[PDB]
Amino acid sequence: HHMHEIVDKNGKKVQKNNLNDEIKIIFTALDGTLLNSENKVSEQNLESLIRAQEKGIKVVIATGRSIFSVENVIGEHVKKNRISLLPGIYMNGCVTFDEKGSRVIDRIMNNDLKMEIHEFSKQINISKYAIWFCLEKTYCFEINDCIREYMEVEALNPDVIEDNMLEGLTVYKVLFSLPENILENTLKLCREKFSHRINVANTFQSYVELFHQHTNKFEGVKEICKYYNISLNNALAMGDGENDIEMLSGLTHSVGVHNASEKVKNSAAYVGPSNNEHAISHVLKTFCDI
C-alpha cells in the first residue's frame, strides 16, 4: 500500500542512500501534521520520537498556537521530556523561543493596524468570531458555536472581554473561527483590505489567522537553525496548512502530509503519509534511518 511512503514530485520513493544531507532537526506543524484527527500523538509517532531523542535529532514544534495551548494538548509528552517546547516556533513565528525561553522573534502587531482590523471585523460582522492573541493570554468578545468549536480543539479558553478593552491589549495575531459558509468570502475580503499590511492564512478548516506580514514559521526556522549552527540543508520541515508554505518551500527537504491541500503539497519537496498515518515516524525512518 501507499499509506506509509514518502515520495518526490515524480512519485518516486525517497531513498536514504540517495540523500546527501544529514537531517539534524525537524520542524513540524502540530495540528494536521504531528497530531492525528483526534489531536493525539499516535503511539507509532511517539515511539519514533523516543528514538529520535536517543539519536540526538531535534524536533521543534512550529505552530500558529501559543506555547500555552500546545502544553495543554501534548502536556503528557512534554512532562516526560519526550517533546520539547523550547526551542519552539509559536504564533506562526511571531513568538519564537530559544531553549532558554527567550524570544528570538517577537513580532507585535502595530496598534493602529490592530484597531483597523478590529473595526473592519466589526464592519463585516466577524468580530464575534475573533480570538485575539496577547503574549500570555487570548481574548474573545462572545461565545458562540464557532468560538466553542475553537475552544474544544485549541484546549485553551479565551477570556471574554468587552470591545473597548482591545485598544489597551498588546497583540501578536487574531484568529477568526469562522462558519464554513462565510469562509471563502471572508478570506477574500481580508486579503483585499489587508494586502501588504498583514499575513492572512487559512490555517485549519475555517480558521483565518492574521499576523505580522513579514513573519512566518520559516523565519522561526532560520533563527533556530542559526542558534544550533545548523545549515538549512540539514533541516527538514513538515506541514499541512497555508501557514506552513514558507517553511516547506524555504527548505530543500520538506514534507507535505497527504491530507494537505494541493497548494501546500506543491510547496513541499516531498509528499508523505497523512497525519493519521504516523507521518513523523516515517519521515524519521526515511531521512534519519530511524
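Start at 1 with the first residue shown and count on from there.
Taking the mean C-alpha B-factor of each stretch as recorded, 40-48 and 60-68 are not equal, and the higher mean is that of 40-48.
Look at the C-alpha B-factors of 9-17 and of 272-280. On average they run higher in 9-17. Comparing C-alpha B-factors across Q205, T215, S102, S84 in the deposited entry, the largest value falls on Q205. Of the candidates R107, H77, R148, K114, the one whose C-alpha carries the top B factor in the deposited record is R148.
Per-chain ranking of the deposited C-alpha B factor places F133 in the lowest third. Among all modelled residues in this chain, the alpha-carbon of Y90 has a temperature factor (C-alpha) in the lowest third. Among the modelled residues of the chain, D31 sits in the middle third by CA temperature factor in this PDB entry. Per the PDB record, residue ranking by Cα B-factor puts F176 in the middle third of the chain. Among all modelled residues in its chain, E154 ranks in the middle third by Cα B-factor.
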